[PDB]
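One structure is given here, and the rest of the page talks about it.
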Amino acid sequence: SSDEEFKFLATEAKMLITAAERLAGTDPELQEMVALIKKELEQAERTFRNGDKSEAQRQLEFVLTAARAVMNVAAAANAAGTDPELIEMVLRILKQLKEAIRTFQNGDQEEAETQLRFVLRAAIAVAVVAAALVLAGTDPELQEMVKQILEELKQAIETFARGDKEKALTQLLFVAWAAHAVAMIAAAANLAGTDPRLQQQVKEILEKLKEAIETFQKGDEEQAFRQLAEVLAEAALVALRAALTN
Amino acid sequence: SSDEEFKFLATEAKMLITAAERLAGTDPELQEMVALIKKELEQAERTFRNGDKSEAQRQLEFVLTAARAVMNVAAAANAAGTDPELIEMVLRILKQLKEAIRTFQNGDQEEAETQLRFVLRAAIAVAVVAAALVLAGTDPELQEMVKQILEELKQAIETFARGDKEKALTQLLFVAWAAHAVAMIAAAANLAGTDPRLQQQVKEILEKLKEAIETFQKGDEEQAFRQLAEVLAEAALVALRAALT
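Sequences listed follow chains A and B, in order. Taking the authors' numbering, the leading residue of the first sequence gets -1, the next gets one more, and so forth. Taking the authors' numbering, the leading residue of the second sequence gets -1, the next gets one more, and so forth.
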């Protein structure tokens, strides 16, 4: 569609791969996925130099989203440490990413792009959840919430594999925001320290997040999504307040 | 065009509007921009009920990108405080978002969508730098680095305004990853605390990022982008190490 956009896409794609290669470390599964996506990047470059440029761009745009996914998965695998629940989720997201790449190579591009839209959001959510658990430290209330978000992401991935992609997409949207909220609450509690004023505001916002999850599980989706958007804003503000004290 | 996709985009777009309203506070310029995007959202919902559902989704997909940009701008202005450099970039990005919305309303949808590609990424960048400045505290090296990122972002906005959209997008891409790098390094410096061994690693990684920016300013973009990509991974790894102590 444009030579200028191709070079721009190729530059960021190599950047995601370079970071993914480093974050993958010694894990053979992460290294295999990065090399697989890297070979798809170089295949799109040969097609741009030789054959169809508009087709090479569509392959590059797919490669870009796969590179960002594998980089978040690799970052999630590092922060996950030895937690089996997080490690298990990294494996499920990796397998679905590999299947989507095969589906794109096979020619079913619409299905593969539909799959990666779900895979990319799940990869970012598990990275944010993994960082939240690390930031939570030894706080039991924070670890319980992070574990509660993890199982919700597990149900969304399983619902997607069952066939109901629409319901799984709605659940993954809720999981993605609840993950971003708990990561800021955990960062707030870390930055608060021994300050009793900020540590009290963290518990209150943490209670509002649990209520938003309970609203989603009950059935009121419209009210649950509104409650979560409010919790995320408050979590960012309390994290800003705590960081200003340091 | 799909009904389930439209309902999905509308739910997410309302989430961004809701969060942007709280982050904007009493800012009259921010709340006005949120209200304009919110009215475009409701306009897309009315078209979905009474007219072309395919055109309503195309409008809603533009609204979603605009709503995510105004949320990051509100978060940036909230975290920026009275910082004049960050304030200056906030209204410049806010101004560009306004023109792109009026462009979409005039019928030129392709030019408006190309504008939001620059505006959204710039809005996320200025929000990350603003969070990096707060995490920096009084650290002069982290403050100087944050200012260096903001200068590159200023050049990218001005180059985009002067016509060369290609060069501006390349610099804005560098600005975005460098912004994410300084935020993780500043978070690592905060999480390290009084650990001299960890602060040396944070200090050295900050220097590797400074060298990456100098390679970009020298003209060698290819090597500068690889260096920035390597620094970003190292910044994420040192913040994890600092958090585990």
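Ideal Cβ placement from N, Cα and C applies to all residues, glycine included.
Query	Result
Which residue comes first and which comes last in the alpha helix (DSSP H) that contains A:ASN76?	51 to 78
Helix, strand or coil for B:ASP137, going by three-state DSSP, please let me know.	coil
What separation, rounded to the nearest whole angstrom, lies between the Cα atoms of A:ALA237 and A:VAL124?	20 Å
Do you know how far the Cα of A:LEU62 is from the Cα of A:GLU43?	13 Å
Please report the distance separating the alpha-carbon of B:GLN107 from that of B:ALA64.	13 Å
Cα-Cα, which of B:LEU171, B:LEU133 and B:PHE158 is closest to B:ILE183?	B:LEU133
Just to confirm before moving on: does the CB-CB distance between B:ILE122 and B:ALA174 stay below 8 Å?	yes
Identify each residue in the region 117 to 145 of chain A for which the Cβ-Cβ distance to at least one residue of chain B is less than 7 Å, and report them in chain order.	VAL132 and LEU133
Could you tell me whether the Cβ atoms of A:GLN55 and A:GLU3 are closer together than 8 Å?	yes
So, does the CB of B:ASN48 fall closer than 8 Å to a CB anywhere in chain A?	no
Is B:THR168 helix, strand or coil when you go by DSSP?	helix
Between A:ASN188 and the rest of its own chain, which residues show a CB-CB distance below 6 Å, the 5 nearest in sequence each way excluded?	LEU133
Do B:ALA128 and B:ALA72 have their CB atoms nearer than 8 Å?	no
Could you tell me whether any Cβ in chain B is nearer than 8 Å to the Cβ of A:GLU2?	yes
Can you tell me whether A:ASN104 is helix, strand or coil according to DSSP?	helix
Rounded C-beta distance between A:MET69 and A:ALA18? I'm assuming under 8 Å.	4 Å
Measuring from the CB of B:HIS178, is there a heavy atom of the ligand HEM at a distance below 7 Å?	This structure lacks the ligand HEM, and indeed carries no ligand of any kind.
I need the DSSP call for B:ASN188, collapsed to helix, strand or coil.	helix
Starting from B:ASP1, trace the alpha helix (DSSP H) in both directions and tell me its first and last residue.	1 to 22
Out of A:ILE15, A:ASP1, A:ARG20 and A:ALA8, which has the shortest C-alpha to C-alpha gap to B:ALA231?	A:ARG20
For B:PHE214, return the contacting residues in chain A, with the cut-off set at a CB-CB distance below 7 Å.	Correct list: empty, because the minimum Cβ distance to chain A is about 12 Å.
Under 8 Å, Cβ to Cβ, is there at least one residue of chain A near B:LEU238?	yes
Count the other CB atoms within 10 Å of the CB of B:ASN104; is the residue buried (16 or more) or exposed (fewer)?	exposed
Which residue comes first and which comes last in the alpha helix (DSSP H) that contains B:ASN48?	26 to 48
Of the residues A:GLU83, A:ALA74, A:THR101 and A:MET87, which one's Cα is nearest the Cα of A:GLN57?	A:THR101
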